[PDB]
Amino acid sequence: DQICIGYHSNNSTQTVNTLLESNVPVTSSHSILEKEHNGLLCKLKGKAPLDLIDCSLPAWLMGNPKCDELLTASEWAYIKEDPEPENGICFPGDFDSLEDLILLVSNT
Amino acid sequence: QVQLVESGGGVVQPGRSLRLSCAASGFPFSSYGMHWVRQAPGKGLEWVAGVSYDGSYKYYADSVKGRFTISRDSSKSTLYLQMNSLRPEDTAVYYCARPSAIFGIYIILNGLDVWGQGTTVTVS
Amino acid sequence: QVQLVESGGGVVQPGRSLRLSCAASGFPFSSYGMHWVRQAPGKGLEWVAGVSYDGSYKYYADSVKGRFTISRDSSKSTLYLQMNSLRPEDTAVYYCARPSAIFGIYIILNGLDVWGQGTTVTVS
Amino acid sequence: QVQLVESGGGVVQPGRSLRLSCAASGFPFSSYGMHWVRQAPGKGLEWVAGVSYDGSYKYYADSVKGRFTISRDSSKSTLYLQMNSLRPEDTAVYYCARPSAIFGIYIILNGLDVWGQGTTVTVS
Amino acid sequence: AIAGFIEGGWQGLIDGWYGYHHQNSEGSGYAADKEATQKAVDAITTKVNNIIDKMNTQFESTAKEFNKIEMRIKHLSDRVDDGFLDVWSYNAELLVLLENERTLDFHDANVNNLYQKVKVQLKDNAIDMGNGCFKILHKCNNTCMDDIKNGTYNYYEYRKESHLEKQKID
Amino acid sequence: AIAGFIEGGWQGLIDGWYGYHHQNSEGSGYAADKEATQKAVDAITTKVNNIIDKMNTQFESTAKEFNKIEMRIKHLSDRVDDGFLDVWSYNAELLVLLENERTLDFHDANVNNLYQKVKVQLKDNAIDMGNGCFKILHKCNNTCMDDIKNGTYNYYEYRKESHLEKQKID
Amino acid sequence: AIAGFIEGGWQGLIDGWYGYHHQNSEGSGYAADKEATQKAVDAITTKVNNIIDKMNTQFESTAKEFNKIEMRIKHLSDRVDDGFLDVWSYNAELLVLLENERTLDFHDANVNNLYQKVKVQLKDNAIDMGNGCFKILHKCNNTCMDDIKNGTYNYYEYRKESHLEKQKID
Amino acid sequence: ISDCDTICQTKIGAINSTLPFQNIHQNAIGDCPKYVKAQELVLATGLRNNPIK
Amino acid sequence: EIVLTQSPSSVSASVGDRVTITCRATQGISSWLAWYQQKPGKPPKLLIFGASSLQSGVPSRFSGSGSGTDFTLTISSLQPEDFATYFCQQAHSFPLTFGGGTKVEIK
Amino acid sequence: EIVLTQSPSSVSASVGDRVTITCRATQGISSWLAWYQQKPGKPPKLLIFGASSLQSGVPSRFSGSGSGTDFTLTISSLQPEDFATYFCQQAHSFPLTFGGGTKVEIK
Amino acid sequence: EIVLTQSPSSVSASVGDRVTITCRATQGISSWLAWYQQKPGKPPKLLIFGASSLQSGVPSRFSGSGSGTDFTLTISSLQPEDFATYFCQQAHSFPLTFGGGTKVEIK
Ligand SMILES: *[C@@H]1O[C@H](CO)[C@@H](O[C@@H]2O[C@H](CO)[C@@H](O[C@@H]3O[C@H](CO[C@H]4O[C@H](CO)[C@@H](O)[C@H](O)[C@@H]4O)[C@@H](O)[C@H](O[C@H]4O[C@H](CO)[C@@H](O)[C@H](O)[C@@H]4O)[C@@H]3O)[C@H](O)[C@H]2NC(C)=O)[C@H](O)[C@H]1NC(C)=O
Ligand SMILES: *[C@@H]1O[C@H](CO)[C@@H](O[C@@H]2O[C@H](CO)[C@@H](O[C@@H]3O[C@H](CO[C@H]4O[C@H](CO)[C@@H](O)[C@H](O)[C@@H]4O)[C@@H](O)[C@H](O[C@H]4O[C@H](CO)[C@@H](O)[C@H](O)[C@@H]4O)[C@@H]3O)[C@H](O)[C@H]2NC(C)=O)[C@H](O)[C@H]1NC(C)=O
Ligand SMILES: *[C@@H]1O[C@H](CO)[C@@H](O[C@@H]2O[C@H](CO)[C@@H](O[C@@H]3O[C@H](CO[C@H]4O[C@H](CO)[C@@H](O)[C@H](O)[C@@H]4O)[C@@H](O)[C@H](O[C@H]4O[C@H](CO)[C@@H](O)[C@H](O)[C@@H]4O)[C@@H]3O)[C@H](O)[C@H]2NC(C)=O)[C@H](O)[C@H]1NC(C)=O
Ligand SMILES: *[C@@H]1O[C@H](CO[C@@H]2O[C@@H](C)[C@@H](O)[C@@H](O)[C@@H]2O)[C@@H](O)[C@H](O)[C@H]1NC(C)=O
Ligand SMILES: *[C@@H]1O[C@H](CO[C@@H]2O[C@@H](C)[C@@H](O)[C@@H](O)[C@@H]2O)[C@@H](O)[C@H](O)[C@H]1NC(C)=O
Ligand SMILES: *[C@@H]1O[C@H](CO[C@@H]2O[C@@H](C)[C@@H](O)[C@@H](O)[C@@H]2O)[C@@H](O)[C@H](O)[C@H]1NC(C)=O
Ligand SMILES: *[C@@H]1O[C@H](CO)[C@@H](O)[C@H](O)[C@H]1NC(C)=O
Ligand SMILES: *[C@@H]1O[C@H](CO)[C@@H](O)[C@H](O)[C@H]1NC(C)=O
Ligand SMILES: *[C@@H]1O[C@H](CO)[C@@H](O)[C@H](O)[C@H]1NC(C)=O
Ligand SMILES: *[C@@H]1O[C@H](CO)[C@@H](O)[C@H](O)[C@H]1NC(C)=O
Ligand SMILES: *[C@@H]1O[C@H](CO)[C@@H](O)[C@H](O)[C@H]1NC(C)=O
Ligand SMILES: *[C@@H]1O[C@H](CO)[C@@H](O)[C@H](O)[C@H]1NC(C)=O
């Protein structure tokens, strides 16, 4: 007549590294590192961003004629801008303190 | 794909016997413990019995002890509840429920993730 | 509010007996162990005896072993030192000292946070 | 300064006996275990025997078991390999090798950090 | 046949993390120490959640742009993010390495703690085989096995019967 | 009546962290393992002091102001402090959580280590009741109890008397 | 003469971290548990390497200069480096303190785990002296000692001989 | 802009995750995990998987 | 037997409301609490396990909290399809026990 | 018996001086050292326990340091009311023992 | 007996090449692997121990990697004095065993 004390095993091929050992097989594990993105531009806590279509931020603010006019009161969580916008500062000259302005108008 | 199917309920006189059947499919039925949960009309949920995955261990509520017997058939993937000495207070809709697994172990004491539509037993 | 009071000291011939008393107030006297520490005139401090909170365990310096007996009265919140076979080298000011508690446990081996004014025993 | 020196090898007829010597210097010879490793001409390295630092424990390859005996002399700082019933397949260059210590402990199972030039045993 | 935790785990233990295997006249089988599994499942779930939920962070921003004649300020911003990248990466690596070693030790302690509870019940009514199993020196029917697993085995009940079986071994 | 550490702690143990309770002819009472309490008090005091005293910091400054046309530099300063706030907060939370779990394990090991010392002294002159208590198979007068608590109990001294009491139980 | 791990370490154990000392008719000596030493040497080497190799850092730069009228930006750079100095210093101190306490516990567990393996082999063919040594209740020749150290000692082989020696002690 | 909602957004995609760490992109906006260069951070939850033969 | 006391026996609310239902246990059940949603004539559906974990395919507006003795199920913003009866179930030990139930109904 | 050797037997100093008194033990007493201040005709007062911990109501100019065998009591800036005799006491084991004492006196 | 299978039996390369030699074990030897360099007529020289640790006085162009079953010795940039035969040795348990050997030769 026998009684034994034992523990659980399965066919999991998962391994984890400990501070003393490497590639220790374990019955279950849990990753805490996010490695995947959905590849989409989304709302941020249900707040839509501002899409500049093909206009730079200075062009949209100043009202470049090729840019959509802000017809109605709006809000946005962030500003999405194209890497190389088609419509920018159409008349040559520097736009002053653009970086500081971004801090004011990126989230409204 | 994963769902249970109860059967065997009906109208029955006091003191008679019924056997319920719970046909399981879509999951490894022989790895889970199983439970029977009944609900009287207009009342709450009452757990009546449970059985381990291999059938070696069986647990009963005091209200059905000595009268109800739980059992299972591995080859048929079916769970049974033999109900003896039926009483009017046994009248209820009888569900078979699967306890949830966690961390890859099929613990019998957990929440119940799968239920069937239920079968009705009326004792009068 | 928390302070001890020694008494019972006086002039005594060699070989006679005295009993000292240490009246405690302001603190749970029956939770602490207690100690007696004596100081000869012009000399340093010498520990002579100690007793646990419940009186079950008693510790004595070799110089007073078999002659001094420590004891306590829970209901009177008083500590006693019975001194027998007194010798001229027993002449000292006798203090009763409370060991400090730490982490909420009344350890008998610690520093001594409370002392009385002391009582003088002169053997000659 | 730290190097071994094998000796005692030579031409020997089948079935005869030889004793090899390994003279150690420059290190605490009596703290290390020691090994003999032989290499047949044109072939690879084969471990034959090993002995603990105090000589109490001895390990032999199956190919020389019952015929070879390893031993050491603490006062002479010398390691020996007695070779009996010599066979043509025993022909090899015989090295004495020191296992490396690690974390300050002289483990006998490790890499071999010190070797001698070797001595040649030809059985024919 | 059938050995214990000293020689490894059980593929047959499926209804818990820790458990028992028995053999007597009436048969054999595996059975999980349900309560010990419960208590450890809570501990592991809490540990993972604490490592995850404690990361309460300030609002993250991407405004890191300076003008064309302020490249030195941009470099300062670049190395500030490099510094935090090194801090979080190193702390995250060693957090996982340390906790993984402790989690495996946690399971070992739980298994050992079931082994000690059974050992102190059986006392010398059984012989410790050294492989995580016990050689009951008396007949232990299915009720007896359940009492051992429930912590209600009685030493003095089987004590005479075990003593006679032991002196035969001697 | 009167059980041991398996079933919980003692409100009656007031003069130490770890200790013993006894019962024989001459009476009963609690008594602290003074030395084990000493050694653990030092360890806990050192751990708290190390967590506190190792925080050796550079001089803290509040000069974080930039001019009106340098809001981007002010934002860089703002997010630098946000980064350190997240680093210190997360590390501080898990430091306390990890150390608290280890501190409780530290006390458990100390209690278990007193239990093992008594167990190996009594050998089979006593029966382990499984609740942290031992059933002495011989009369153990107050001197005997003190010898057990001092680590000077003699196995062979009470060995004959215990053997006769054991065969009665068998 | 010759005591075990309860009273301290052995200067005579030179060929391993953990080991045994024996005495029988044929003599005495020290002998290291080679395999247990192997398994712990790997663990300690891995721990040190993990603490060292995980420090995978971005390219370090010394470009921290701003113009004469940007002292506030220089101060921001100065306090950024102060912040990381405080973070790394505090984490490095407590890393070493925590790991050192765990490393010593690791050796204690390994020593205790050899002691338990020998204890469960000898069962009651020996008497635990409480100092890390066992009083074999039978003659144990050099083959017997090697079987104990290899985990192949047979309880039932010396069981009768030990029983007679025990009843003499009783 | 797609018809999706996230708590953390990067210029190459959204990180809709409460895991404490991410190796996706150094710059992000919102409630985000801390950026690390670790390839994997896997916590053990089960036991050593060393079954008897 | 561990008894679960559910409050309130019933509540009326409109769509978009915040609904709180509590479940009280006679003894510590750590985290082994479940929450079920039941529409008339249908079997119960598992919403929450582990007293806080959301079950796969259940909206994030259902949340649970609690540990030991007191547990809470919260519906942040009610929907039309959320009008049903809700039960808490313990999974600490046999026998398995349920709460009295809570019907969420329109006003 | 653990014996405590206090140095120096006496020292003279003026107000505002830095005073060092050492206490040496025959064996390791870890941290169980105490320091006492005693004015003539009065009982000793506890200044330092745990060999470094300041006792409630004692100025921060008194500090103690040491562990195991060698311990030091430092008065950073002497005051008029600090001229007294100082004792170190061990609390490692029975019997409790004190140092020979150190009188701090005016020059 | 643990058997070590060395690949390739031989390889030809020129100076400055990168040379890979592998050693395969029948069972887990954790980290107890050694690598030796042997010139004709001379005893072997210890290059790598612990399967990755560089031996004192050995160039940093020799590196080793591996754990358990598969191990690799890499010479990043060959030199004239590196043309020899290389052996892997296990130190996991008795009997000590070596690989078949690998001769590195000029093309
Ligand atoms: C700008 O950016 C910051 C950072 O992202 C945002 O600040 C966060 O805001 C959220 C929500 O306002 C905060 O989360 C809330 O914290 C409260 C306090 O939590 C502590 O105390 C409770 C006990 O009362 C503990 O349980 C908890 O662990 C903390 O110790 C909670 O009470 C809140 O609970 C809410 O959510 C739960 C479900 O998750 C519900 O059941 C509750 O009923 C309740 O609705 C909540 O968790 C967060 O802490 C803030 N962080 C920081 C750093 O500020 C700003 O909101 C953001 N600004 C804008 C406009 O978006
Ligand atoms: C500008 O800001 C910085 C940061 O606040 C200040 O620098 C600190 O200055 C203090 C005092 O000058 C430093 O503290 C001292 O550290 C010395 C070295 O400590 C190490 O070595 C000893 C052993 O010798 C260890 O015990 C210790 O833990 C360290 O490992 C100590 O020797 C000093 O001891 C002094 O205090 C003790 C009581 O606390 C006395 O008993 C001693 O006799 C002695 O008087 C002291 O601890 C501190 O380390 C500095 N930190 C930094 C980051 O620089 C500048 O002083 C400040 N400038 C101005 C003008 O205020
Ligand atoms: C600007 O500054 C940065 C930081 O210093 C430099 O970037 C580093 O570059 C080195 C070399 O290019 C990187 O090191 C390499 O990492 C590779 C990936 O390692 C991971 O994956 C392997 C498994 O494939 C794990 O073993 C490892 O631990 C990591 O998890 C390795 O594959 C490389 O291995 C090389 O070295 C070994 C010996 O050490 C050889 O055996 C290999 O065959 C191979 O040659 C190597 O380790 C490092 O990670 C980079 N760090 C960062 C932060 O970028 C830039 O190179 C530098 N720019 C310039 C021009 O110098
Ligand atoms: C592997 O085993 C599976 C059953 O094991 C169960 O699932 C794993 C993931 C764990 O949760 C374990 O605790 C469970 O018992 C099989 O379903 C599967 O087919 C098997 N795979 C192979 C390739 O054999
Ligand atoms: C609680 O108990 C107190 C006595 O316990 C002592 O104080 C606590 C804080 C710890 O230090 C413990 O180790 C000590 O033994 C009483 O003084 C107090 O009145 C009690 N309080 C109540 C409400 O009963
Ligand atoms: C100290 O001991 C040395 C021998 O011990 C060995 O070296 C130390 C560093 C560790 O590696 C230990 O494990 C080894 O066994 C002597 O060589 C040395 O002379 C001794 N020194 C003194 C001053 O006696
Ligand atoms: C098991 O043993 C007990 C003890 O006598 C007995 O009462 C019980 O009937 C036995 N059960 C079986 C199935 O033999
Ligand atoms: C199991 O143990 C519990 C106590 O935890 C006790 O109340 C119950 O009666 C026991 N049952 C059996 C069958 O041993
Ligand atoms: C306790 O037992 C010892 C052993 O014989 C004896 O010497 C001593 O006098 C006993 N003490 C009492 C109080 O009976
Ligand atoms: C207690 O143990 C100590 C050794 O630590 C010994 O010297 C002393 O004599 C013992 N005393 C008693 C009463 O057991
Ligand atoms: C040791 O004991 C065994 C058991 O009988 C015996 O076979 C062997 O010859 C003995 N060895 C010596 C050296 O006495
Ligand atoms: C030692 O143990 C091994 C198993 O690990 C076994 O194969 C071998 O025969 C044993 N040898 C001796 C001498 O005990």
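Computation of the quantities below employed the complete heavy-atom set of this structure, encompassing side-chain atoms and omitting hydrogens, waters and symmetry-equivalent molecules. Convention: sequence-line order gives letters A, B, ...; per-chain numbering from 1.
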For the rings on [X] and [Y], is their centre-to-centre separation under 6.0 Å?
X	Y	value
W115(D)	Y36(K)	yes
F103(D)	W17(G)	yes
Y86(K)	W35(K)	no
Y30(G)	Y20(G)	no
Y59(D)	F94(K)	yes

Looking at [X] and [Y], would you say the former's side chain and the latter's main chain have a donor-acceptor pair under 3.5 Å?
X	Y	answer
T46(G)	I44(G)	no
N110(G)	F106(G)	yes
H75(E)	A63(G)	yes
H35(D)	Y95(D)	no
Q22(H)	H25(H)	yes
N49(G)	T45(G)	yes
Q6(K)	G101(K)	yes
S29(A)	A44(H)	no

Within-4.5 Å side-chain heavy-atom neighbours: [X] and [Y]:
X	Y	value
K53(H)	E7(E)	no
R79(E)	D81(G)	yes
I52(G)	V48(G)	yes
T102(K)	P8(K)	yes
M34(D)	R98(D)	yes
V121(D)	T91(D)	no
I51(G)	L95(G)	yes
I107(D)	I102(D)	yes

Salt-bridge test for [X] and [Y]: reply yes if a basic N is under 4.0 Å from a carboxylate O, no otherwise.
X	Y	answer
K35(A)	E40(H)	yes
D108(E)	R48(H)	no
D86(E)	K37(H)	yes

Would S52(D) and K58(D) count as a side chain to side chain donor-acceptor pair (under 3.5 Å) if you check the C-alpha gap in whole Å, the side-chain angles of each, and the deciding distance to 0.1 Å? CA-CA 7 Å; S52(D) 64; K58(D) 293 180 185 170; over 6 Å; no
Let me see the working for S63(D) and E46(D) under side chain to side chain donor-acceptor pair (under 3.5 Å), right down to the final yes or no. CA-CA 10 Å; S63(D) 61; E46(D) 179 185 18; 3.0 Å; yes
Test side chain to side chain contact (heavy atoms under 4.5 Å, CB included) applied to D82(K) and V104(K), step by step: CA-CA 8 Å; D82(K) 300 4; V104(K) 162; 6.0 Å; no
For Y94(D) and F68(D), take the angle between the two ring planes, folded into 0 to 90°, and tell me which bin it lands in: parallel under 30, tilted 30 to 60, perpendicular over 60. tilted
I'd like to know if the side chain of [X] pairs up with that of [Y] as donor and acceptor (distance under 3.5 Å, no hydrogens or angles considered).
X	Y	answer
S74(D)	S30(D)	yes
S30(K)	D42(G)	yes
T27(A)	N49(H)	no

Cation-pi check for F71(K) against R24(K): NZ or CZ below 6.0 Å from the six-membered ring centre and within 45 degrees of the axis, yes or no? no
Cationic tip of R72(D) within the cone over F29(D)'s six-membered ring, i.e. under 6.0 Å and within 45° of the normal? yes
Criterion side chain to side chain donor-acceptor pair (under 3.5 Å) on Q90(K) and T97(K), from CA distance to verdict: CA-CA 6 Å; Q90(K) 63 103 341; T97(K) 54; 3.2 Å; yes
Report the C-alpha separation of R67(D) and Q82(D) in whole Å, then their side-chain angles, then the decisive distance to 0.1 Å, and conclude whether the side chain to side chain contact (heavy atoms under 4.5 Å, CB included) test is met. CA-CA 8 Å; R67(D) 308 182 302 123; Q82(D) 176 71 38; over 6 Å; no
All side-chain contact (heavy atoms from CB on, under 4.5 Å) counterparts of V111(G), not counting sequence neighbours: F5(G), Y18(G)
Could you go through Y53(D) and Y32(D), starting from their C-alpha distance and side-chain angles, then the distance that decides it, and tell me whether this counts as ring pair (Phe, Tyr, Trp, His ring centres under 6.0 Å)? CA-CA 5 Å; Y53(D) 69 100; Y32(D) 289 86; over 10 Å; no
List the steps, then state whether side chain to side chain contact (heavy atoms under 4.5 Å, CB included) holds for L54(K) with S63(K). CA-CA 7 Å; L54(K) 200 68; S63(K) 75; over 6 Å; no
Kindly determine whether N100(E) and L43(H) satisfy side chain to side chain contact (heavy atoms under 4.5 Å, CB included), including the steps that lead there. CA-CA 6 Å; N100(E) 282 344; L43(H) 281 177; 3.8 Å; yes
Quick one, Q117(D) with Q3(D), criterion side chain to side chain donor-acceptor pair (under 3.5 Å). Give me CA distance, side-chain angles, the key distance, then yes/no. CA-CA 9 Å; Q117(D) 286 297 282; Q3(D) 41 100 320; over 6 Å; no
Taken in chain and number order and not counting sequence neighbours, the residues that satisfy salt bridge (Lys or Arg N to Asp or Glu O under 4.0 Å) with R102(G) are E101(E), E99(G)
In short, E6(D) meets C96(D) closest at the heavy-atom pair OE2-N, 3.0 Å
According to ring pair (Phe, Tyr, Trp, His ring centres under 6.0 Å), who are the partners of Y90(G), at least two apart in sequence or on a separate chain? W88(F)
